[PDB]
2 protein chains.
Amino acid sequence: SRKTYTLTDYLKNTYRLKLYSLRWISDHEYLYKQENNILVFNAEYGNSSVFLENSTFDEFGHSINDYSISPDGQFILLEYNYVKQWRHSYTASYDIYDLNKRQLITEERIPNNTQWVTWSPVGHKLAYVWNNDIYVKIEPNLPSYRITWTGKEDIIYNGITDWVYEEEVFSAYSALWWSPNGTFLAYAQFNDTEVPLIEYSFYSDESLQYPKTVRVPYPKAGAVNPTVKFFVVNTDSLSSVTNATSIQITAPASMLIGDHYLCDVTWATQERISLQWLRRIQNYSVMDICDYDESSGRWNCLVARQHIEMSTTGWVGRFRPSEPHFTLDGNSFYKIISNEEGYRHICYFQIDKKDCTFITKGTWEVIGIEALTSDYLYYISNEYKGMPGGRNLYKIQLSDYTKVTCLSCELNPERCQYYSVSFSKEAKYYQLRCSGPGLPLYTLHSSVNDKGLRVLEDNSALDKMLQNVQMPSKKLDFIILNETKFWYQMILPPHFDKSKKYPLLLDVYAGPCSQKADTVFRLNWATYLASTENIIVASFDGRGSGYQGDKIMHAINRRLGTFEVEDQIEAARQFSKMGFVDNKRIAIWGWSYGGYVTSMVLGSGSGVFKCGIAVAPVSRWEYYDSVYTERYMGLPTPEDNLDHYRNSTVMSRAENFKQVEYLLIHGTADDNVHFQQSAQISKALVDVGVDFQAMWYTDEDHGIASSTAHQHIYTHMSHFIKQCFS
Amino acid sequence: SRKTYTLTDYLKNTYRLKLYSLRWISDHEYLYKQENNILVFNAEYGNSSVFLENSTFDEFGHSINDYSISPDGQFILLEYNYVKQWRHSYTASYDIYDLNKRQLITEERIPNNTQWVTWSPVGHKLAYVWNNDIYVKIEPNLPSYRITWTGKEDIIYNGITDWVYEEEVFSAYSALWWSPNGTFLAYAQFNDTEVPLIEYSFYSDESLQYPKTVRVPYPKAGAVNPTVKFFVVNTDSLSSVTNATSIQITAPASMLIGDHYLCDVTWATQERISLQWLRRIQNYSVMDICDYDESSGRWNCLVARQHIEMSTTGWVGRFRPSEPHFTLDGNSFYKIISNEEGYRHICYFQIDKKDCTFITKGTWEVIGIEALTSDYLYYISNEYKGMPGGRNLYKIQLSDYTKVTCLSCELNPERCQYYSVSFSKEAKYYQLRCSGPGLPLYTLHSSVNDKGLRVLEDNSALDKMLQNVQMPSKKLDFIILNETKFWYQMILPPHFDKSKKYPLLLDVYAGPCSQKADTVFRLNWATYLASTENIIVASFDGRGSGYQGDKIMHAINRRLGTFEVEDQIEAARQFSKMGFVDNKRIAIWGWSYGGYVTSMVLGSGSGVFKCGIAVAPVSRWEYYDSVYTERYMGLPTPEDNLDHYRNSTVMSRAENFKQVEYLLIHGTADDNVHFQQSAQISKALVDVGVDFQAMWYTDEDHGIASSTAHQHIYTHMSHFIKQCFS
Ligand SMILES: *C(N)[C@@H]1CC[C@H](C#C)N1C(=O)CNC1(C)CCN(c2cc(C(=O)O)ccn2)CC1
């Protein structure tokens, strides 16, 4: 009939998804920014007004890529001169616009090249980092107060994370946390003094005669890690002639005994803060609860009021220990932890009591706690229909755990099976975001009766466009591997005929706690391969997968590169045994961890796969960062796990590549997974006489996301797959 | 018929060429090494004896990769622990062996990591460089005399060249010159203090956790160059307590006025040395002839003995001003210079007279002066049959320039048209080396009558093998473009049929003063392409080509990337008009300058070529080194030749690559043509949306010559060509 979803539709993004990104400014109003003007909406009735006109800054003389209204409704922080750094960090220029007098504050403005900026939770206080030092501005137009003086590029970081903490433990650039009402400002300091540096070339624009060398503090497995220190300062007792005084919170002793990390800071009350520490051997973590001492000024963390979280089967937390949610009086909290059965559920704690109480249970897991009222506890879980790849919002009554209600399950079971949620300040209202299996659906509700107020966006426009295109379908099912069931998904070509034999591409990631089989609606490269090239694209969640309990997830503990690749191979082998797969044309590909798995599978000598594509893969764990690698592999020492670090490299399987067609791709400026990793893969293949294909992307990083490089890499990969299958 | 010359034959070197490398130790004898022992031959009769048995060093305990017998016959220098650096430079360990007492010297031995070592020209003195300083040994077993104390890594070089001087001017690591009888030791000192560094990553073995950054002083076009100083020391006037005094030889003023180079040093007599200096604008060069002053100890270079060499059409010399050949008394000399008609011929000079007298003339060129007696001057030229691609030995009478005799022309006109020669100490005997077009043939002759004494090697063995294989044929001919004729060669498939239409591969280099069409016999990749794949491999010498006079060579002055690439297109366009060429399958490939040209040709938008391969190409001249680049391009300033520098880049033609299949290959540790150059090419292609093939070779340099890499790249390229043509 009509056309198919082509490679150009994907690259040029002709079929666009509509979103509904709102920013709650209260328990009743949210701002719905548009391509032009920002509106303010009344959640209850839906009426709206204009918060500030698009023309308001026609003559700002700079392109504004982001705004950040103070919790005051009094000021607007304007971000411009954006310059991306790593995955989360970046620098920019900031201007404060006074909403009152509609004037642009021109005095004592924030420095250019500022690293981080954030308002206080309540007032209009400002805290920012610049040149690695922390500054506080009690008033938009008032002079700033330097809180720290030790900041030093690539060495001492105050209020901001270094490379590894940004990527692997905080997933943020910021390392500062205001107290509930803004009185205190807590921050972290990182010392990269002896951390080795990764060095690589950056060629820049053509006009650069000499390539520059980029050097950054990056600790590879087994190397010297950065050290951290926590501090708290009172933003009210700050003079303007005396240097602010920061109180350091240290220990615990079970942590200070060796290398450790700071993996979480959460304020309980206005004078109570919780901190979670993790040993370098991420087997054991400790939460300290510290209270402010009025007539002392310092903070005390009572031993006995601390809680230990450890595992004997694997590491702690999914990626790190979960975050606690404190009750009004801060004398108790709720947090996700692994069951005695290995399933993650909500445990209820009394700050001075060792044993907690699980308020949920079952062979499913709580993905996260979304909101806590004195009445109910709202959380997301994959309980419904026993599908680990589904996400639903549930509320449990704190007075009767026996009373848990599903708020998303039945809204539209056919179209919606994967939800995310966004509550207002007091959780009076909430916005549900459905992202599959049907077209993304955004709606608004009220917590009191859980009444559906209205549809914010149903993507009806895209719906109309897609009915004139031959789209692929998605199969989400499971297979059985010795007692246990493992899920998978397959993007099936239009007019799928189970009688016919199709070529198959295994799309892989498979890193610990990952999930490639779900109910999410996507418009990606796989859509095109299936719609236009009639290729089945499958993904399988084997041992190591998350959201299914620890027996499965911790199965690859200390053994990266074993079961998770073997299982990907076993899936393929079983997919071909379903009858609609041409086992002479089965390929595999992945990015980053997926690149590692792809390479390991292709070098396994299974002969199952004809060809494969590895994009920015890890080739050996000693090349990757410590925080992530060590979490699963332990330490690369003969006393610990060295032997396996050495047995799970790609280069040792070089000889086996003689049987396959391989495409190795990598960005030269990858700061995460260093080009080095592929450099060594290609070298081992050359030393063994194996022919293969390669492609480097100069000055591109781990995402290979610039507009041009992105279109080029997927175009190159399409050709490779088409050639391998035709 | 039987079999063909396969890719494996080329890669595994199954069909070995034999050589007869001899070393003249006197005017009557020479040394001829064997895989085992070294023999000594009597040129007159041919009888030989063993100089030193192979077993001699059975239990040396070290793999010796090179020997060096003193011009004494008394000692043998043993080279081991060899470690390569750039094209000519390398470090190693050295042990001396006393052939007199057949003892291994163990006292005061040469240090490890020695950068260079050389015997004096007559006795058994030794001069070596270590840690950038010069040392002298009057006796193999005696304490060494330090000569210099300024040596500093990557900064000050004594006795050895820096990167650019090694590659572009001296084509050697060595920068020290012994006087004829060994009395004086002259050397050059290089200062790279402000020379920018090229930096690139070296991955090393898999075990290396953090990649290393290599940094070498390398001046790119227009950058700050290294400065040079010259000194001469009397190695007979050394105490053992006094830090020997080096006498500096400075200027000339016409040189000191700005940036310049030392491009040649030649000793005239025991007390007369000659130096040649060149302006950074390699248009003007001054030669100084200096004399040792007995009651001064210093050296004086009399203006009046200095000769100037300059050019108005281009640069001076083929790659540098030619070297002088002095008559016994050092009162006059001969050297190859450009004619008034633009052809290089031998000119005769009186050391104190400005004007010289050409002793040869014609529309052909003297390639080199090989020997000089009181009676004759022997030289190589391409006069015979008027074909620029042939080489023959000639001897001219000093009494009558009218009497020039060809000593190789007729020895075997069918088999031999390309000669080189090696004279004995007093030119009483000489060995001729025919390297094509037939199999290489080595013979001996006596100068008195020019009588052939005997055949040294005729490669009869290799001849027997090759008869049982279908070898390709070689056609050397020319075409005519506007009055002028340009030569070309084609490797033709076995049983070539001018009626049939064959696919054509244009093997290109085309650098200024290059020659790809000659009568040399070669067993290489092209041999495989033609023999086994039936592909015609052609090469064309257009504008910029050498050995045909300046009109042709200087055509591209200040204009690289113009006529030389255009002509290569014209040649293909001309070949495809001979009838035995499938104009639908014309490919092109090259290395270094050939890579550059191939890239410019593929980006020309000519429509003539279907695909191409560029290996380690130059992409824009500002990225290449100053000495070579500025020699033809001048300086990259708006006051000089900047506009053309910006007009001859490969990336400006990115768009046009849409019409061809391109393969970009580059070693990552290329210290000569930096990976950066291919990195900017790939970026321009990505940014323009052009698809292509690439392949990097980790830790490989300009030659990509490691055993495995070499086999790998030719295998990869073969697949590419085969695919493009089948
Ligand atoms: C590739 N994925 C590399 C090598 C293998 C290892 C894994 C898995 N890699 C990492 O980069 C590890 N770091 C994390 C776990 C990658 C996934 N991740 C993440 C975060 C966001 C976000 O918005 O915060 C988005 C996508 N992926 C967290 C870091």
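Counting starts with 1 at the first residue shown.
Each residue, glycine too, has its Cβ placed from N, Cα and C.
Swiss-Prot lists B:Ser592 (among others) with the feature active site, charge relay system, giving sequence analysis as the kind of evidence. According to DSSP, B:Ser592 (active site, charge relay system) sits in a coil region rather than a helix or strand. Over all protein chains present, the Cβ of B:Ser592 (active site, charge relay system) has 20 other Cβ atoms lying within 10 Å.
Residues or ranges marked as active site, charge relay system by Swiss-Prot on the basis of sequence analysis: B:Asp670 (among others). Other C-beta atoms found within 10 angstroms of the C-beta of B:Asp670 (active site, charge relay system) number 23, with every protein chain shown included.
If you look up Swiss-Prot, you'll see B:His702 (among others) marked as active site, charge relay system. A sphere of 10 angstroms centred on the C-beta of B:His702 (active site, charge relay system) encloses 20 other C-beta atoms.
The disulfide bond annotation in Swiss-Prot covers B:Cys290-B:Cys301 (among others) and rests on experimental evidence. Close to B:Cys290 (disulfide bond) in the fold, though at least 6 residues off in sequence, lie B:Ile249, B:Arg272, B:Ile273, B:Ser274, B:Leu275, B:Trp299, B:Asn300, B:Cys301, each with a CB less than 8 Å from its CB.
Under 8 Å, Cβ to Cβ, and six or more positions away along its own chain, B:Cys347 (disulfide bond) finds B:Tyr334, B:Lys335, B:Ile336, B:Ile337, B:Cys356, B:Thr357, B:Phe358, B:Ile359. DSSP assigns B:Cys347 (disulfide bond) to a strand. Annotation source Swiss-Prot lists disulfide bond at B:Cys347-B:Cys356 (among others), citing experimental evidence.
Taken from Swiss-Prot, the feature disulfide bond covers B:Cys406-B:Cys409 (among others), and the record attributes it to experimental evidence. In this structure, B:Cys409 (disulfide bond) belongs to neither helix nor strand by DSSP; it is coil. Neighbour density for B:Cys409 (disulfide bond): within 10 A of its CB lie 18 other CB atoms from the protein chains shown.
Annotation for B:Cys416 (disulfide bond): same-chain Cβ neighbours under 8 Å, separated by at least 6 residues, are B:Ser408, B:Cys434, B:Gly436, B:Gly438, B:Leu441. The disulfide bond annotation in Swiss-Prot covers B:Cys416-B:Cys434 (among others), and the record cites experimental evidence as its basis.
Every protein chain shown contributes to the tally, and the Cβ of B:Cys611 (disulfide bond) ends up with 21 other Cβ atoms within 10 Å. Here Swiss-Prot flags B:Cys611-B:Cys724 (among others) as disulfide bond.
Residues or ranges marked as N-linked glycosylation site by Swiss-Prot on the basis of experimental evidence: B:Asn47 (among others). Applying an 8 A CB threshold to same-chain residues 6+ apart, the list for B:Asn47 (N-linked glycosylation site) reads B:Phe41.
Positions annotated as N-linked glycosylation site by Swiss-Prot, on the basis of experimental evidence: B:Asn54 (among others). Annotation for B:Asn54 (N-linked glycosylation site): spatial neighbours B:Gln34, B:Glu35, B:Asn36, B:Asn37, criterion Cβ-Cβ under 8 Å with sequence separation of six or more.
Marked as N-linked glycosylation site by Swiss-Prot: B:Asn112 (among others). The Cβ of B:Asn112 (N-linked glycosylation site) has 12 other Cβ atoms within 10 Å, all protein chains considered.
In the three-state DSSP scheme, B:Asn181 (N-linked glycosylation site) falls into the coil class. Close to B:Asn181 (N-linked glycosylation site) in the fold, though at least 6 residues off in sequence, lie B:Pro121, B:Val122, B:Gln270, each with a CB less than 8 Å from its CB. Taken from Swiss-Prot, the feature N-linked glycosylation site applies to B:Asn181 (among others), supported by experimental evidence.
The N-linked glycosylation site annotation in Swiss-Prot covers B:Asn191 (among others) and rests on experimental evidence. For B:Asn191 (N-linked glycosylation site), applying a Cβ distance below 8 Å and a minimum sequence separation of six or more within one chain yields B:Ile155, B:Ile156, B:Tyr157, B:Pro226, B:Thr227, B:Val228, B:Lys229.
In sequence order, B:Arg146, B:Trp149 are the residues of the chain that are 6 or more apart from B:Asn243 (N-linked glycosylation site) and have a CB within less than 8 Å of its CB. Positions annotated as N-linked glycosylation site by Swiss-Prot, on the basis of experimental evidence: B:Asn243 (among others).
Non-local neighbourhood of B:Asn283 (N-linked glycosylation site): B:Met310, B:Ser311, B:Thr312, B:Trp315, B:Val316, each in the same chain, at least six residues away, with C-beta under 8 Å from its C-beta. What Swiss-Prot lists as N-linked glycosylation site is B:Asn283 (among others).
Long-range C-beta contacts of B:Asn482 (N-linked glycosylation site), restricted to its own chain and to partners at least six residues apart, with a cutoff below 8 Å, are absent. Among the features that Swiss-Prot reports, N-linked glycosylation site is placed at B:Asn482 (among others).
Between B:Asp670 (active site, charge relay system) and B:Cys724 (disulfide bond), the C-alpha separation comes to 28 Å. Most buried of the disulfide-bonded residues B:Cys301, B:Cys356, B:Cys406, B:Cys434, B:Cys724, judged by other Cβ atoms within 10 Å, is B:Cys434. Looking only at the recorded positions B:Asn112, B:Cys406, B:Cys611, B:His702, B:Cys724, the one with its C-alpha closest to B:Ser592 (active site, charge relay system) is B:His702.
Shown in sequence order, B:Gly561 are the residues of the chain, 6+ apart in sequence, with a C-beta less than 8 angstroms from the C-beta of B:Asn647 (N-linked glycosylation site). The two recorded residues, B:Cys611 (disulfide bond) and B:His702 (active site, charge relay system), show a Cα separation of 23 Å. Across the structure, B:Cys409 (disulfide bond) and B:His702 (active site, charge relay system) are spaced 37 Å apart at their Cα atoms. In the three-state DSSP assignment, the secondary structure recorded for B:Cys724 (disulfide bond) is helix. Taking the Cα atom of each, B:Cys406 (disulfide bond) and B:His702 (active site, charge relay system) are about 39 angstrom apart. Straight-line distance linking the Cα atoms of B:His702 (active site, charge relay system) and B:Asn112 (N-linked glycosylation site), rounded to a whole number, equals 27 Å.
For B:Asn112 (N-linked glycosylation site) paired with B:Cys724 (disulfide bond), the C-alpha to C-alpha distance reads 51 Å.
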